[PDB]
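Novice: need a 3D model of the following:
(chains A and B, ligands or ions: 2)
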There are 2 protein chains.
Amino acid sequence: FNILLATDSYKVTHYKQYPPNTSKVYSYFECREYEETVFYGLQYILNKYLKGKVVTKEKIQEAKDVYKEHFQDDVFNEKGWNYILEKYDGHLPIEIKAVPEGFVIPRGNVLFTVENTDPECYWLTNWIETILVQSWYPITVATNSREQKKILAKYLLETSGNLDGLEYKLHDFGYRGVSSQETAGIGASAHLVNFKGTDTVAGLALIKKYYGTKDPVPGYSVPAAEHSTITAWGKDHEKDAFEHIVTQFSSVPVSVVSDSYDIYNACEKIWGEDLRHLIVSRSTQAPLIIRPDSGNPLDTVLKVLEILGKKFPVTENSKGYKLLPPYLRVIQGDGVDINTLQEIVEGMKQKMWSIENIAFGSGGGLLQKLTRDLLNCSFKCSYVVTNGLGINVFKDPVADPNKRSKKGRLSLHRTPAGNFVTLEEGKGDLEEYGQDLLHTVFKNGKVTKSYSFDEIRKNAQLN
Amino acid sequence: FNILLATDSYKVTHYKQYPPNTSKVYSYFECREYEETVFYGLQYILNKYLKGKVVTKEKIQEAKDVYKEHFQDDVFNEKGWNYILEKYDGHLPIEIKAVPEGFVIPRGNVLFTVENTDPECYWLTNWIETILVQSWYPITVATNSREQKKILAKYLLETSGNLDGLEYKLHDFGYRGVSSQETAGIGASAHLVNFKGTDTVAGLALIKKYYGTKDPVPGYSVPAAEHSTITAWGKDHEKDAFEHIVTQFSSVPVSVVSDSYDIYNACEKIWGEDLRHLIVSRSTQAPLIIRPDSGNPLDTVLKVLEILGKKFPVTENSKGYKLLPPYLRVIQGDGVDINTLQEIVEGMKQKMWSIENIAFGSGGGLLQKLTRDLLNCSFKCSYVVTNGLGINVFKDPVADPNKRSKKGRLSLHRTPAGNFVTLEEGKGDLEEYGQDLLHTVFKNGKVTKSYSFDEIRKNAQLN
Ligand SMILES: CCNc1nc(-c2ccc(NC(=O)NCc3ccc(N)[n+]([C@@H]4O[C@H](COP(=O)(O)O)[C@@H](O)[C@H]4O)c3)c(F)c2)ccc1C(=O)NCCN1CCCCC1
Ligand SMILES: CCNc1nc(-c2ccc(NC(=O)NCc3ccc(N)[n+]([C@@H]4O[C@H](COP(=O)(O)O)[C@@H](O)[C@H]4O)c3)c(F)c2)ccc1C(=O)NCCN1CCCCC1
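Specialist: Numbers count the residues shown, from 1 in each chain, chains lettered A, B, ... in the order given. Ligands and ions are numbered 1, 2, ... in the order given. Below is the structure:
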């Protein structure tokens, strides 16, 4: 990895565009204008890409050679990068202040600020915008995942009277559905801020290396079938496949995809009759978890539950909702996203089925179908010092008031009512709103403040 | 990187689920059911993750330890992985056959197949589904990028009479808007299959390392401003910022973001009057490229062109379309995706503006706002050998006929009319449809056939 080659191309030319005699460039990140966001992911970026000796004579030469051909011209700031190498042993003369990871902040607040600590490096602040802005991803995954948790919590509490099993109710199936191995690890880790279930193995190692947990692992899974393991037996032998699988995993929970040919026949005739004796004998710690994977998500879930309710002994819980026996559950792992999740749980509640009967799986919808514009994540310069004088800077496009950026030196504070406010124009300097909530997390090549994954989960908890 | 930890968790448990006495598992990848797709990206995956010695005693131990905690149980196939280590020096006993990269194939055709070459490794075929399926990303980016090229080609030809400059008409601005550094490189490279412009520097190194080009670099950029470089001068000095920038880059093309405060005032008064003398003197090889970045994309483009057409000498080309003088162009780099692109060029054509006047920049829309379901990318087992007998395997869910998979051994062929057809059930064995277009690209830990980036671009060319 070469930080000199990890920026948008045009930023290579910016050192020639700032006003002459500019000694400071100060910029900030916010989720402009999903009313609250979970701040998570910066620590990974700081450690993997920004800390330590990130400049070498070799990296400078490689960048110079690439840019000469890429621009068909010499515009690369060789002198500037060499200065960092010689003066700071290749450590970035930058200071980043940020809100603690896991914190849940309303939209439109400063989440982190960046500024150069050496006047010669005024151009460096915005050079690293590209890498830092990618924090939009873990923030958005974490936020969208927590919003789904809010829905599950509401419906589980209503139908059951408690939140038992909530943290296992939305499972990450997104490994194959994301754009890369790196994305998989980052995305899965962001989901784990809220839940404990993932099949995206890459997330475990990331958390362990960059954040850390008291527990051996931050996420868990259970044995489960895929279409290949059912279909390989041949169409006429779907029952043999089911029998073999539940027998192989007789003492642990096991998820079995049941829609290979006819989900309804599988539930009613195969599980419901042919193999019923192998299901009712299972332990409460080892249920069979029936998995539909096609058709309209809500219709399928309701029909599967109706079928099962007629083949197995259902009870009515203390809230009046129907509950399958403890050795039998369902997981809907197809077509689940923040929208459909809501429709499913509401539909289940209307038909009197407890949310305790089900878990949900989501892959592309959880980790891939998200963009930087969902929370309007944006990085902008709000303050500069030129000829020794500080000036408050901002953009304010005529046609889009929503794109207006904040002015001057920023700070994040608690309001008298205990809410959040971002003070602009250095106003935090007046001591009218208590201390600034942002902490220095990076300074001159070193990570100065960090959080464990356990702390982050705690900060991200639902009310 | 540890391949034993680079799969969906449940796949760890599959070796106990397949029918007993299974010696072969054969699976394929297709974009089920955007009528044609560009096959690109597999070579990157093969080289980065699958080739050579990918198993070590250490990697086996690490996986065993992770899985014990992740499943809270011992289900890991230690013996199976040890066999690969001891028998093949940790090289994967797998054969992958694929259509040549860059090929444009209609939906619903086999693109690549996977199978184990050692009966003991029947479980390995699908272990690597997760990593291989991630090829959906570069395929989708390449395809979506090419579809945008088709739109630009149609409108440029109509308004100009030729395709000059088509290869630079859609520029990649997606570095910051993607989910990770790795995604950025892969995504940018996929866009470069069709175009030559990118600010996503990560793409250059990827192409150079895994594919290769005759030219020093596969992609290019030009100097350009960002809001920070304009706003840093202070609101009242937007003109000074513009003047400094065009002067610093007087002999090369330069893109200048002009919507910081009022895009219309900037075009009419600043560029159009105050600094007009610095624009009309520019070389045809170094135009000023005005960049709006906010408001309704079509309305803004039309209004900017109308303004410019009244301040600068416009000509009418041989097709009857208006053309700005050669030292002046526009780039619309906001709100551009496959849908809006079409609306913009059609709107321009209606108002008699040549497509020669404009280039488009797309970031999140080009590289992030895409999912695996856009082209229905899916990997499924279609053939197995159990007890020495081959059987054709498939799924066919009752509620969704669209999820039906192909049966048996597959091959890709040309039809007498020159189209494509996928033969099922080993029917390719009959020699009625010429040779199989799939070629062995990976076998037993070695990449057996590779393509240069130049060959790929050639294969991906528009008709
Ligand atoms: C109600 C059940 N409760 C629970 N369930 C689970 C649970 C259920 C199922 C799975 N696993 C699967 O089901 N594995 C299948 C699969 C895997 C990957 C993958 N990738 N896919 C495919 O990936 C594609 C991507 O889809 P895309 O297109 O991208 O959207 C999709 O198609 C998929 O087919 C499919 C799982 F791990 C966990 C866990 C805990 C509880 C719970 O409550 N515990 C606490 C209580 N407990 C305390 C202890 C004592 C007992 C009580
Ligand atoms: C008509 C013009 N013709 C051409 N133009 C170009 C061209 C124009 C502009 C730029 N560069 C910018 O404009 N740089 C700005 C920017 C950069 C990155 C970035 N990241 N961003 C931001 O990234 C965010 C992500 O946005 P998101 O939210 O994710 O969507 C967005 O906001 C952006 O602000 C913004 C560029 F490189 C190239 C090239 C060739 C031709 C052409 O025709 N040559 C052949 C003919 N030629 C032959 C030779 C002789 C002369 C004639």
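
Novice: report the closest residue of chain A relative to ligand 1.
Specialist: Nearest residue of chain A to ligand 1, counting by C-beta to the nearest ligand atom: residue A:363, 2.3 Å away. C-betas here are computed from N, CA, C, even on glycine.

Novice: that residue: how many residues sit nearby?
Specialist: Residue A:363 has 24 neighbours, counted by other C-beta atoms under 10 Å in any protein chain shown.

Novice: what residues does residue A:75 make contact with?
Specialist: By C-beta atoms under 8 Å, 6 or more residues apart in numbering or on different chains, the contact set of residue A:75 is A:12-13, A:16, A:67, B:223.

Novice: what subset of those is buried?
Specialist: Among the contacts of residue A:75, those scoring as buried are A:12-13, A:67, B:223 (criterion: 16 or more other C-beta atoms under 10 Å in any protein chain shown).

Novice: which of the residues you listed sit farthest apart?
Specialist: Within these, two members stand farthest from each other by C-beta to C-beta: A:67 and B:223, at 11.0 Å.

Novice: hmm, the host helix or strand of residue A:147 touching ligand 1?
Specialist: In the assignment (DSSP states H and E), residue A:147 maps to helix A:136-160. No. Using C-beta under 6 Å from any ligand atom, helix A:136-160 never reaches ligand 1; the gap is at least 10.5 Å.

Novice: now do that helix: distance to the chain's middle.
Specialist: Relative to the centre of its chain, helix A:136-160 is centred 12 Å away, using C-alpha atoms, centre = their mean, to the nearest Å.

Novice: which other helices and strands contact that helix?
Specialist: Here helix A:136-160 is seen to pack against strand A:36-38, strand A:170-172, helix A:181-191, helix A:338-350, helix A:364-367, strand A:377-386 when contacts are counted using 3 or more C-beta pairs under 8 Å, 6 or more residues apart in numbering or on different chains; DSSP states H and E.

Novice: ok, that helix near ligand 2 or not?
Specialist: No. If you take C-beta under 6 Å from any ligand atom as the test, helix A:136-160 misses ligand 2, and the best it gets is 10.0 Å.

Novice: what angle do that helix and strand A:377-386 make?
Specialist: On the basis of axes from the mean of the first three to the mean of the last three C-alpha atoms, to 10 degrees, helix A:136-160 is oriented at 140 degrees to strand A:377-386.

Novice: now the closest residue to residue A:265 other than its chain neighbours: which helix or strand?
Specialist: Spatial nearest neighbour of residue A:265, excluding adjacent residues (C-beta to C-beta, 6 or more residues apart in numbering or on different chains): residue B:398 at 7.9 Å. Using DSSP H and E, residue B:398 is not contained in any helix or strand.

Novice: from ligand 2, how far off is residue B:398?
Specialist: Separation of residue B:398 from ligand 2 (C-beta to the nearest ligand atom, to the nearest Å): 42 Å.

Novice: which residues of chain A lie near ligand 2?
Specialist: Contact residues, chain A versus ligand 2 (C-beta under 6 Å from any ligand atom): A:8, A:10.

Novice: over to stretch A:156-176 now: how far is its first residue from its last?
Specialist: 29 Å (C-alpha to C-alpha, to the nearest Å).

Novice: check stretch A:1-9 too.
Specialist: Length of stretch A:1-9, first residue to last, C-alpha to C-alpha: 16 Å.

Novice: stretch A:334-343 too?
Specialist: This stretch, stretch A:334-343, spans 14 Å end to end (C-alpha to C-alpha).

Novice: what lies in contact with that stretch?
Specialist: Applying C-beta under 8 Å, 6+ apart, the contact partners of stretch A:334-343 are A:144, A:147-148, A:151-152, A:170, A:292-294, A:296-298, A:344, A:360-362, A:365-366, A:369.
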